[PDB]
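Compute the structure for the input listed below.
(9 chains, ligands or ions: 3)
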Amino acid sequence: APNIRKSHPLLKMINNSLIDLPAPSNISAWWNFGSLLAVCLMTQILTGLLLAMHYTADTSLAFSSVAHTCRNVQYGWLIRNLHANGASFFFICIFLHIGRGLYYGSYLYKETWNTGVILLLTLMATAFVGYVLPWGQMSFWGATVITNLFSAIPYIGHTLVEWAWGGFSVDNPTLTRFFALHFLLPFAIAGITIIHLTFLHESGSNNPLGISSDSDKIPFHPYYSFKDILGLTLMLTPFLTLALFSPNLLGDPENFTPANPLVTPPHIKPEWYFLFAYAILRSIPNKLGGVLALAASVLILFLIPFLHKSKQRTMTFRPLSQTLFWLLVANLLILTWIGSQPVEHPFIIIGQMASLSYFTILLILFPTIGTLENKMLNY
Amino acid sequence: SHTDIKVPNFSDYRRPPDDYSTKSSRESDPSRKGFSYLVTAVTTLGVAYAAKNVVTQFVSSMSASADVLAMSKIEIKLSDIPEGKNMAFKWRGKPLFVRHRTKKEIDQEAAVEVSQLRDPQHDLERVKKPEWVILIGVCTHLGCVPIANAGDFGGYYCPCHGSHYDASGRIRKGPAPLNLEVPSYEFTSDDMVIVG
Amino acid sequence: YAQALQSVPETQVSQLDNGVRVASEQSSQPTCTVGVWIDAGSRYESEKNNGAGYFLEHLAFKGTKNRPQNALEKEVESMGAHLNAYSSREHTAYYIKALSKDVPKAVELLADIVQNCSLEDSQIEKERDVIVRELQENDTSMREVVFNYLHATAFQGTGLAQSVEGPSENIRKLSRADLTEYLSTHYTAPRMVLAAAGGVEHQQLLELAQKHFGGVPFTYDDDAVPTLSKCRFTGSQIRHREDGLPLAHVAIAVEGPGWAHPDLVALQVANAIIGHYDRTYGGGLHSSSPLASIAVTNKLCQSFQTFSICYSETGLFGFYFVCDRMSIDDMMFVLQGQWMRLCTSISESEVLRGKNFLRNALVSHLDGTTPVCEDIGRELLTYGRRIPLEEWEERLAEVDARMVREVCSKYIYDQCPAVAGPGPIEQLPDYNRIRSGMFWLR
Amino acid sequence: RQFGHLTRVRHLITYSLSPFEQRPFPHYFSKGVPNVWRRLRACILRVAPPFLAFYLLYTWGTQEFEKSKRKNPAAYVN
Amino acid sequence: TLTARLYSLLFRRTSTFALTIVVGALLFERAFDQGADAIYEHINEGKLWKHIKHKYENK
Amino acid sequence: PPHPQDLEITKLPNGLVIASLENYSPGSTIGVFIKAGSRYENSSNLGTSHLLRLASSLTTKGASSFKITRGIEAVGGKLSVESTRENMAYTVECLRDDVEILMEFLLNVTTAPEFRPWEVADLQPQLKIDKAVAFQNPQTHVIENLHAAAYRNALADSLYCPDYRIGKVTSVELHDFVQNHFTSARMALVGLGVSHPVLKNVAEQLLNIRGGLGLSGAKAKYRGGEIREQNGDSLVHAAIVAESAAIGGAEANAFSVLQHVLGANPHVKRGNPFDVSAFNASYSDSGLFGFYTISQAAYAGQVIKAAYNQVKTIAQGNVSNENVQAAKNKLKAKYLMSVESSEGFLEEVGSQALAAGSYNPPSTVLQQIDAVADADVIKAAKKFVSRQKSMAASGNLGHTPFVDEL
Amino acid sequence: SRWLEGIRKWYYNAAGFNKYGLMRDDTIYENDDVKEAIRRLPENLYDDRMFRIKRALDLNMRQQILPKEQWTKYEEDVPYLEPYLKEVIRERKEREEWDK
Amino acid sequence: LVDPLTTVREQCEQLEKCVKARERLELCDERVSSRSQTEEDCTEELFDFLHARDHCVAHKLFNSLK
Amino acid sequence: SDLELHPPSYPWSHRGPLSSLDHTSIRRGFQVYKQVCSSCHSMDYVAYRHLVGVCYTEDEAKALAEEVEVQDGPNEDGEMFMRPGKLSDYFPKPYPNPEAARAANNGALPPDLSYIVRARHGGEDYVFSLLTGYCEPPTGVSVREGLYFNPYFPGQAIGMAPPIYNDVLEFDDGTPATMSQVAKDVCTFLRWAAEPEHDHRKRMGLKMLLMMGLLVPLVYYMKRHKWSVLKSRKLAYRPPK
Ligand code: HEM
Ligand SMILES: CCCCCCCCO[C@@H]1O[C@H](CO)[C@@H](O)[C@H](O)[C@H]1O
Ligand code: FES
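Residues are numbered from 1 along each chain as shown, chains lettered A, B, ... in the order given. Ligands and ions are numbered 1, 2, ... in the order given. The structure is reproduced below:
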């Protein structure tokens, strides 16, 4: 082959993934989250790695090491800010990505979708650790609960814990190993992200009409390379406006107080991108039940594909399920609000209500409204 | 048939007002390309700017550490250092030498064939009081601490790659490139000495 | 040699107080060819007038008033002469090849046609259904439909995007009148050319023309020839897909300068460089023409050809290839690459060959009476006078590599091309891709 | 899945124009902004509802909480 | 005719094009920087140390 | 000064006729005419002719496949081979001095072929296509078969290598074929735009073979063959012949004249959407005469019958001495005209210089066509109606008659 | 009381896939059965459905739609694939049944 | 020397809202310290006052500070 | 009762996304911190080094560091010993360890005002309201011994007595040292203390906006430009007869 863009075992990979890769002509913004996601993984790894050059995994030094990194290392403050907020633009993007997928039956591509669920999970895990790193009040008490969270597993539980973190209570040992996981996981993400795209590329990308797009399909490059570099800059301005104008906008101030193993502050609020789950956990008054509920809240994603009853893929022509959809998105949005609230009557109930509308809108409403719309078509 | 197919009207519908028949497309657009590439040129331009700085920042994000000290002054009792021996002090992040030289040493150090030195300097222009020699205990080759009272020149020796130094701190034999660093210093009295 | 060129007889021309220019080249040859080459075409047709020139072509022979069908053919058949002809977009021609012992008889016959066609309203209605059929044949000549479309979009919106044959609606409805309208409007002396080649003596030809072409101009208009509307080129594409066809055709081009422009020589030498290929040749070791070579090594096409089809004030410089559903891309890629190489890094070694190859066609272009006649006709009609192979010789014998680059880059580099492609063309990449293919990542 | 092996397509003609020959700008106002609206108005009634709704539950809920915070004038009229 | 002269010289040849990006970036920088700073410093008169630097260095 | 410079001919001691003719044209074209062909093939070696026809560009002992193609092209040359069942003409064309250069290659191509076992085993698949394109014209298919039914032996062999033998032609069979035919006594170094002394001073190198006639094809036995190819093409192709007329063979000019006498007749004797003509091939020791008719399917039987009746009653005295007068004139044209293009003209001076060794001037060649008339024709037609007929057909044929039905 | 008939025309215009100019069957997700059905589809209907879909893709990719006039009407929508599809399904269910 | 704070707080303690609250407060105060056994506190009332007060203290105080 | 009073919002000279910090006002803040807070409040992450070039002069800050004797490294006999504070030392801890401080403050632990402004919701607005905001507890409410009422603080009873009143010090720049005034200057200090970047960081945000502003549009034209080929495009179904 003369090409060279097709005859090079390595170079072909690029010219087989970002140029020449056939993509449906009709692709909305809702397909941009992904390339952004990949970019977040980059941004993160880069900044984070840069930031790890000055961190010092150790109780007596962690907290201060971070401070020194901001106050002393040139731009270290910028770096941290970008790292800190990237976590967010990362979840924002991932959240939107999952959404899109849910509302176009992108989930029918199972493997691509299942690996996806693994990414969410890992991203979540990698983001928990690390936040534990600067070792401020939040860092610590987060570490104590999320880990203790495994206590619920009978037998193998309390054990798994006093092993999970250092020895018998969040302490130095449990910090140094967290720095490690956190340094190690982002790569595992990138890793799985490769596998992910792989199963994707097997079957073309999806497309909003939910109907074959072989009739069209443009060369990724000329087009989407551009569309993406654009989506890049748009969802780049907000995030840079935070890191530059209101850095701690999305970050609890409570975590500016070094950790005190003897006082969990009143008003402990998990970092926003974890609230919904959180909300669900507390509102099912049982160590275990609560945990299971938590489990399910995220782990449910695996069942989405088996809850597809529509004879149509996307749900652009399903006005019914279509609103059912937004009911959910908002249902979620509420759980978030509820999650940022102390446990009082005005709330709580609202909590367990939403925290239920969630599960049904998913395990029951959807499939039902599903086959229903079908019959409204003679199918 | 096929003689029946016609290309539709893209008239005002799209076409830039320099493209509506009876007149060359050429000569017109080959000015239009200019604009459309100007946006582009400029974008690469702006991006360039952006890039140049993100790198600059993320580059000094290590280079040095905005945690730099200063300690330029140290007091030393010249009597701590009897004749014939060299004492090593803790100073400014790297060792510091202060040596009491014998009649013999100072003599040999002046007797040095200066036009033949790797780094040409006469012992007397490197020190103030000939019985007192002060040096930065860091080899110029690759940074190891030269060993005093060792080597083939009665000065120093670097065990990393074998550089031989004289009582003047000058590099004589071995790979080191220039002579040992001479700090800024002065004697405030008979037994007093201050470096920096 | 150069002598062989100089020793070649000059081409005689002489205009009538009519408008008809009479030119001719003499030789020993008993036989010969003579004809009238009109400055008519589909480019001169309207939206409702499109087709005339052709529908007309098909009756120009079926007899005149002076001598009905049976008679014309009979009188022609009987004298062993061949009367054939054609109608392009800007050039129409009618010609006979007789034994020169008939310069006069032929001339008269010619005249009787450009002037008195029966146009029997009955013979028409019959040719109507014929063309309409003949047109249905023309359709499955993918090799052709591919070019019409090219024009169809390259000159979208102007007279040049109209095909010569015309829509099947016009052919079904042209009126006995319309054909006459066309005839009386465009077949006028100041535009027609009486040319001939063989053992004919110019004078006898003059006097013969001068005698049967008794045209007479009164007004100033009569004496003048109308300049056409300019045709707007438009870098665009037209894709008529059908994965049902055996394979696909692809043609892409840039606006060309036009007959008058002297570069068409340099430009001609360029196309001489990459040349054309066909799976019957005999040279996976072909001359430079890498396209060919690469075509051969990588089995890129069934065939591909280069071309500088030109007109009065515009033209199409491009190339065309036929290929399996599967190698469309590599072919475009490999070929479009050659366009760059051509105006980015062409060597003397190449032009050297390029030129000679041209001079070889330059020559065999005039291989016989008919062909020679074909040039005199065209020459005058488009260039003004005749262009002697001794001139062409000079013109193109002075082209250097540097000059080719100069020009090709001038007409090719970073221009928005016109693409056409019928067939199983799914593998041909979008316009942008083949567009950025116009500038080399120098 | 590469190009040249996607589907059996027949009889589709398309016509497109060099990006330099048309105007990317395009026709805002003529067809531009009109469609934009053609869409806000097309889903504003399918999307907003659930969001609007939450809004209320939000307001209601907070207010209620904030109200439940103050003293009952009569919790001790004595 | 700017655009046409800009294309014909700068934008046409892929070579030239880049080269001007570089030379263009340079100018854009010096220019953009001075300005932003100006705008900025202006919007903050007498609050910057540059502005107070003088009560131990006059103004 | 006038360009008249009689075409000289000088038969070398070998038998290598050499005919030139400076016509001062800028571009000259030389050519090696040979009495080779598919007529000299056996049950085996079949198609070797064809494969030999394509090995034109394979390496020689003086120049490689490479040099040969790029050498001819470096000058803007042309090297090509035209071949019939009983003759192969290797022409080459260029100009000025380049003729001298263009020769080396021609020379080697016809005398120093070293048909390399790979180059050939590596070329044979080409037959497949060369043939595939040829057969795109139904005319060729019919005619290929016509000869198969008209004859039973040499000359009845295919001009395009049979399929079953596409990959079996040996490197050997080629040399053996060349050696036995590409010999001085059955060759001719014809050419244009050249001085004769120059063109002769080359046949000196060309001297590298002698064996008069190396294999001399077996006489052509005639037969009233009849082969039908059912294939459904919406339109039938048919050809009807009766052995007759040998080249040089006196009785020939009659049919050429009957050939034109016929036509306005068969065509104008069949009404509806079709095509019909008077076929005429004149070979070395035999020939064919009749008519092919491309006709719509169902109107197949009608057209061939009608066109046949015409050849019939044209024999039973349906020829005005006027008809003959016109036809005698058309031949005068088609001969003369088809001599304008330097390639079709180099064909005359060559074809003859090989078959005879002479050159009948356009004067007597006419005096010979003029020579006969009313006299024959009417009779020539008779010979058609009485002799045995061999027909060939391609198409639906469901409506096409057989010879046994006339 | 309330016609499913009345309902179906509701949903049909509610769904809105007719605004892109495609029939109901043009939208059925292509799972195994659909693929095998569409595969049996006579060449007429196939090529039509193709164009229909491509047009839609092109519309969707432009954000615009079909002019009110061109939207297909509920009663005029043609279930060109439904029949083939059913046979396909019962053909299959039969096999499945047998392989027990 | 007088703290522009106390000055501005004076002015502000008379804006409609404050007085409304101050009163609402004065009553609570003399309502609790009036009884010997009651759980009521006047923090609420006090806050509403303060809140309203300082709110404007803030919308003006910084003008008079350097 | 989880009943609390949230601090109002002051129009800080540095509030705005593009507005820097009143460096002069911070100079004062330093002073109010150095002369009054720095005796109960440590500020571990800052050092004289920073003051240089932001609100102080090198020689000025050097000298300002001299005023503190610090315990430094082992002798040649190895024994902590005092010496003049270098420019590099950080601000001096008032206590050896927390329990030491808690002892010296009726049991309470005065926090480190390094990241105070962003360790509390409301930042300066809060810290300001807190300092300039003590008073008598309303009725029914009784603050215990050692404490002092302050409605702004969660629980109303802080361990810190009003630390700032008129004239507690004398701004050497000739500024009316009213409690309010001096309380402002502290906070504005405390902010820069929590984030020296502040100014740099905003000037940066500025330039950022301009680029997004210039670049997203430019890449927007480009995206459009390329895509036109498709937006503009026109299909057409022309089957045979
Ligand atoms: C960890 C980071 C992840 C990255 C970098 C990422 C990126 C991508 C990419 C590059 C695409 C391309 C098309 C598009 O953007 O829509 C893709 C598609 C998709 N991803 Fe992910 N993904 C991640 C996580 C996930 C998650 C959590 C889900 C699970 C809900 C998911 C589900 C999918 C699906 C369904 C598709 C294919 C359907 C379609 O393209 O229409 N991805 N992913
Ligand atoms: C994607 C858009 C990126 C915008 C470019 C970031 C500009 C950062 O520019 C910064 O500005 C500071 C204030 O003058 C300087 O002190 C820094 O040295 C400089 O790198
Ligand atoms: S380290 Fe000193 S000799 Fe190399």
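
Give the full set of residues in contact with residue I:79.
By CB atoms under 8 Å, 6 or more residues apart in numbering or on different chains, the contact set of residue I:79 is empty. The way it works is simple: take the backbone N, C-alpha and C, and place the C-beta from them, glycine included.

same deal with the one 3 residues further on?
If a contact means CB under 8 Å, 6+ apart, then residue I:82 has I:69, I:70, I:71, I:72 as its contacts.

Next: residue F:284.
Contacts for residue F:284 (CB under 8 Å, 6+ apart) come out as F:86, F:246, F:247, F:355.

Ok, residue F:319 next?
Residues counted as contacts of residue F:319 (CB under 8 Å, 6+ apart) are F:261, F:374, F:377, F:378, F:381.

need the helices for chain E, in chain order.
E:2-6, E:14-42, E:49-52 (DSSP state H).

for the ones you listed, which one ends up most surrounded?
Among those, helix E:49-52 has the highest mean neighbour count (mean count of other CB atoms under 10 Å in any protein chain shown), at a mean of 17.

looking at the helices of chain E, which is closest to chain C?
Nearest of the helices of chain E to chain C, taken as CB to the nearest CB: helix E:14-42 at 4.6 Å.

hmm, that closest one in reach of chain I?
Yes: if you take CB under 8 Å from any CB of the partner chain as the test, helix E:14-42 does meet chain I, through E:32, E:36, E:37, E:39, E:40.

Is the residue nearest to the first one when sequence neighbours are not counted within a helix or a strand, and which one?
The spatially closest residue to residue E:32, leaving aside those adjacent along the chain, is residue B:49, at 6.8 Å (CB to CB, 6 or more residues apart in numbering or on different chains). Following DSSP states H and E, one finds residue B:49 within helix B:29-60.

Now do the helices in the stretch 151-300 of chain F.
F:171-179, F:196-200, F:252-261, F:264-268, F:300-313 (DSSP state H, counting those that start in this stretch).

Name the nearest residue to residue I:131, ignoring sequence neighbours.
Spatial nearest neighbour of residue I:131, excluding adjacent residues (CB to CB, 6+ apart): residue I:183 at 4.4 Å.

The one you found contacts residue I:129, correct?
No: using CB atoms under 8 Å as the test, residue I:183 is too far from residue I:129 to be in contact (9.3 Å).

Point me to the residue of the stretch 101-250 of chain C nearest chain A.
residue C:241 (10.4 Å).

Pretty sure that residue sits against residue D:11.
Yes: counting by CB under 8 Å, residue C:241 does reach residue D:11; the two are 7.4 Å apart.

How about the secondary structure of residue C:25?
Assigned by DSSP: H, G, I helix; E, B strand; the rest coil, the conformation of residue C:25 is strand.

how near is it to residue C:9?
Separation of residue C:25 from residue C:9 (CB to CB, to the nearest Å): 6 Å.

ok, these two, which is more surrounded?
Here residue C:25 and residue C:9 are compared on neighbour count by other CB atoms under 10 Å in any protein chain shown; more neighbours surround residue C:25, at 23 against 12.

where exactly do the helices run in chain H?
All helices of chain H, identified by DSSP H, fall at H:4-12, H:16-32, H:43-60.

elements contacting the first one?
Counting by 3 or more CB pairs under 8 Å, 6 or more residues apart in numbering or on different chains; DSSP states H and E, the packing neighbours recorded for helix H:4-12 are helix H:43-60, helix I:179-194.

mind putting those helices in a markdown table, distance to residue C:343 included?
Shown next, in a markdown table, are those (distance: least, CB to CB, whole Å):
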| stretch | distance to residue C:343 |
| --- | --- |
| helix H:43-60 | 72 |
| helix I:179-194 | 63 |
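
Tell me which of these sits most buried.
Highest mean neighbour count of the helices and strands packed on helix H:4-12: helix I:179-194, a mean of 26 (counted as mean count of other CB under 10 Å).

Check which element follows it along the chain.
Past helix I:179-194, the next helix or strand by DSSP H and E is helix I:198-232.

In terms of secondary structure, what does that following helix contact?
Applying 3+ CB pairs under 8 Å, 6+ apart, one finds that helix I:198-232 contacts helix A:76-102, helix A:226-234, helix A:237-244, helix B:29-60, helix C:431-435, strand D:10-17, helix E:14-42.

Quickly check: the next helix or strand after the longest one near chain I or not.
Pointing back at helix B:29-60 there. Remark: after helix B:29-60, the chain's next helix or strand is strand B:74-77, criterion DSSP H and E. No: using CB under 8 Å from any CB, strand B:74-77 never reaches chain I; the gap is at least 10.5 Å.

for the helix or strand following strand B:74-77, which positions count as buried?
Toward the C-terminus, strand B:74-77 is succeeded by strand B:86-91 as the next helix or strand (DSSP H and E). By neighbour count on 16 or more other CB atoms under 10 Å in any protein chain shown, the buried set for strand B:86-91 is B:86, B:91.

Quick check: neighbours of strand B:86-91 in the sheet, parallel or antiparallel?
Sheet pairing for strand B:86-91, assigned by DSSP bridges, gives strand B:94-100 (antiparallel).

For the strand it pairs with, buried residues please.
Buried-residue list, strand B:94-100, by 16+ other CB under 10 Å: B:95, B:96, B:97, B:98, B:99, B:100.

what do you get for stretch A:182-199?
By 16+ other CB under 10 Å, the buried positions in stretch A:182-199 come out as A:182, A:183, A:185, A:186, A:189, A:192, A:193, A:196, A:197, A:199.

Pipe the buried residues of strand B:94-100 into TSV and attach distance to residue E:19 per row.
Output for the buried residues of strand B:94-100, formatted as TSV (distance: CB to CB, whole Å):
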residue	distance to residue E:19
B:95	51
B:96	52
B:97	54
B:98	58
B:99	59
B:100	64
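
Identify, from those, the entry nearest to residue C:13.
Nearest to residue C:13, judged by CB to CB, of those is residue B:95 at 104.2 Å.

what's near enough to touch the closest one?
By CB under 8 Å, 6+ apart, the residues touching residue B:95 are B:88, B:89, B:136, B:137, B:138, B:145.

which residues does it bridge with?
Under DSSP bridges, the beta-bridge partners of residue B:95 are residue B:90.

Distance of it relative to residue B:139?
Distance from residue B:95 to residue B:139, by CB to CB: 10 Å.

joint contacts of these two?
Residues touching both residue B:95 and residue B:139 by CB under 8 Å, 6+ apart: residue B:145.

what's the burial count for the closest residue to residue A:362 other than its chain neighbours?
Distances taken as CB to CB, 6+ apart put residue A:300 closest to residue A:362, at 6.1 Å, once the chain neighbours are dropped. Number of residues near residue A:300 (other CB under 10 Å) recorded here: 15.
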